[PDB]
Ligand SMILES: [Fe+3]
Ligand SMILES: [Fe+3]
Ligand SMILES: [Fe+3]
Ligand SMILES: [Fe+3]
Ligand SMILES: [Fe+3]
């Protein structure tokens, strides 16, 4: 039995480019998490308590996604490499602008998973493509959800009354088309 | 015992014009269903999640009405003839315009039942008039309901804040005067 | 943030050939639904109440599959295009012949999903291949189920006594190998 | 306040032809009842226990329908006139022949209600047409049910094995398409 780079028994070697891409994607998930924390704070500073609670939970969810990836590397007997985390964006001129950033970031997280997916396919690493399939499925749902939140906020057209109504929706947990 | 056109035992022959009118009305109900599906989609595309859920259920209800009519033809030992279904309308400039189409379509469905009703009366087919009576009763309630939804949306006068409030009403199942 | 063709925020553009293929497959699912309705009616006309109830539920299931696809296009910020629906086949010389059509139609629905799948792979649209994976899984089960129903009906060799026994199985919900 | 022919206070006089037609229809319902009793006996004599139990209940149901009509005449302050009841048919060459008679008799009971209905319409007696509407509705269901039972028995093509299976269906209460 061979030993993997992290010292565990090795079921199948992983190409170093694919390992590096996964380690990078983990940073992408951790960065999404701290970004959602920053967004939570921005909403709290403006008394948008529903949006604050929503993003507080999103930050914890994204961190869970990052950890899920670290567990996969452990299972593949590959080394993790937790990287320096950049500071998040912390300033927006409007809630609509913030939600645009939030949606774009979810789409960018999917684009990163897609890049890892294509590299695994190039390497014929079907453990990795199988591992990623449900994560892409969850990204489709998150993209649908953040498109809904963004579109609803833009529908409000900057009217505080409408934004308070949506804020109360989010506080109640009404965060998707359903 | 005589055999009906669909092969079952025949309790009472039906005039071919009345059969044809019922088969046509079934198409009217199926078309209302796919129209409500189209309307569900239009609302979903604009993040009006309550209206989307409302029309999603309406589409399924109208299909049930259509099937109910196919069961009546079976019970009368008459042949069904499921027809080509036209594509629904799929584009509206506003929610108020969509709700106008929805109300007019319900009224038109009643007008079709009324035409079948008058033909049955001309033919003295009291099985059919009895069969239709509760369906007209349900149409009165649906006409009242869609007049309420249309009038409430027009009351909002195109203000997104008001439309979000009504959207949340529909998501909660508050869809009638009550 | 870019806007998709249906107006929502766009996570990833879709190739117009792939969009067109999905819209077409939705028609395939809607056509399977109305075909199962027609089959439900044919069985009801011959007092095969178990087969009638089975196909009545199948028709509703296929419609749900069609709607599931419309939701995916919404999630991808792509336009839906509900198409003209052709009239279903409505006449068969025997239950065995009807079940042959039913099985072939399920296989043809899978073939259509497979064509969409191959186009998504050509376009490297892994959101779509992931979205389709569980639908292919369900098609494998439906193909197994309709092969079972068809084979059991052919085993009966046209004997009404055997067909009544199978009819009662279906009424009881015994519709698979289990 | 005027007194009706049965001595009670009279809300609205009834035309003597319509009274006579209702009294006659009551005889039609009582005759259907004793006919179902005869059919119950015929099935019992041939060990068709399910059909025997089914017709035993049908006989009691038809008697209830007859009584329901006597209550309407009481409510209209009209006299009842319970008539001589003819002996039922009691001999059939086959179960299929018996079921044909049973279906024809249900259709004939509806035809009788229809004749009363047309006379009430001629007399503008809308109390009577309203009173009859749910009874026609129930006749549609009974016609559908007896067409199902007749068609299923004819499907058996005189095979005792199939007839035993249907007999067990009826004993279990599986008496309609459902
Ligand atoms: Fe994530
Ligand atoms: Fe999968
Ligand atoms: Fe309807
Ligand atoms: Fe399907
Ligand atoms: Fe009766």
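Positions of Cβ are generated from backbone atoms using ideal geometry, with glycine treated the same way; all protein chains shown enter the neighbour counts. Only the coordinates and a few stated rules stand behind these numbers; no lab work does.
A few notes on this one:
- Hey, residue C:34 closer than 25 Å to residue C:79 by Cβ and free of Cβ contacts under 8 Å to residues at least 24 places away in the same chain or not: no
- Verdict on residue B:53 being farther than 30 Å from residue D:147 by Cβ, part of a helix (DSSP H, G or I) and touching a residue at least 40 places away in the same chain (Cβ under 8 Å): yes
- Cβ-Cβ under 6 Å pairs, at least 6 apart or on other chains, segment C:135-150 side within 20 Å of residue C:67 (Cα to Cα) and more than 14 Å from chain A (Cβ to nearest Cβ), far side assigned to a helix (DSSP H, G or I) and away from ligand 5 (no atom under 16 Å from the Cβ): C:139/C:110; C:142/C:106
- Number of positions in segment B:1-46 that are assigned to a loop (DSSP other than H, G, I, E, B) and within 14 Å of chain D (Cβ to nearest Cβ): 12
- Pick from segment C:69-89, criterion within 14 Å of chain A (Cβ to nearest Cβ) and touching a residue at least 60 places away in the same chain (Cβ under 8 Å), ranking: farthest from the chain's Cα centre (by Cα): C:77
- Here residue C:176 fits the description: farther than 26 Å from residue A:143 by Cα, out of contact with any strand residue (DSSP E or B) (no Cβ under 9 Å at 6 or more places or on another chain), surrounded by fewer than 20 Cβ atoms within 10 Å (Cβ to Cβ) and without any contact (Cβ under 8 Å) to a residue 60 or more places away in the chain.
- Condition check for residue D:102: under 24 Å from residue B:73 (Cβ atoms) and either at the interface with another protein chain (Cβ under 9 Å from one of its Cβ atoms) or touching a helix residue (DSSP H, G or I) at 6+ places or on another chain (Cβ under 9 Å) (or both): yes
- Between B:44, B:59, B:66, B:87, the distinction of being within 13 Å of ligand 3 (Cβ to nearest atom) and under 19 Å from residue C:26 (Cα atoms) belongs to B:59 only.
- Matching option when the condition is part of a helix (DSSP H, G or I) and either in contact with a strand residue (DSSP E or B) (Cβ under 8 Å, 6 or more places away or on another chain) or within 14 Å of chain D (Cβ to nearest Cβ) (or both), among B:120, B:66: B:120
- Condition broken by residue B:127, with the remaining ones in (1) crowded, with 16+ Cβ neighbours inside 10 Å; (2) more than 14 Å from chain D (Cβ to nearest Cβ) satisfied: (2)
- Residue in segment A:90-112 that is nearest to residue A:25 (Cα to Cα), counting only those that are part of a loop (DSSP other than H, G, I, E, B) and in contact (Cβ under 8 Å) with a residue 40 or more places away in the chain: A:90
- Residues (more than 16 Å from ligand 2 (Cβ to nearest atom) and outside any helix (DSSP H, G or I)) located in segment C:123-161: C:123, C:124, C:156, C:157, C:158, C:159
- Filter pass, residue C:18 being on the phi < 0 side of the Ramachandran plot, away from ligand 5 (no atom under 16 Å from the Cβ) and touching a strand residue (DSSP E or B) at 6+ places or on another chain (Cβ under 6 Å): no
- Filter result for the condition that a residue is within 26 Å of residue C:53 (Cα to Cα), under 13 Å from the mean Cα position of the chain (by Cα) and surrounded by fewer than 20 Cβ atoms within 10 Å (Cβ to Cβ), over B:57, B:7: B:57
Quick grid of which residues meet (1) surrounded by fewer than 19 Cβ atoms within 10 Å (Cβ to Cβ); (2) part of a loop (DSSP other than H, G, I, E, B):
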residue: A:78; (1), (2): no, yes
residue: A:84; (1), (2): yes, yes
residue: A:87; (1), (2): yes, yes
residue: A:114; (1), (2): yes, no
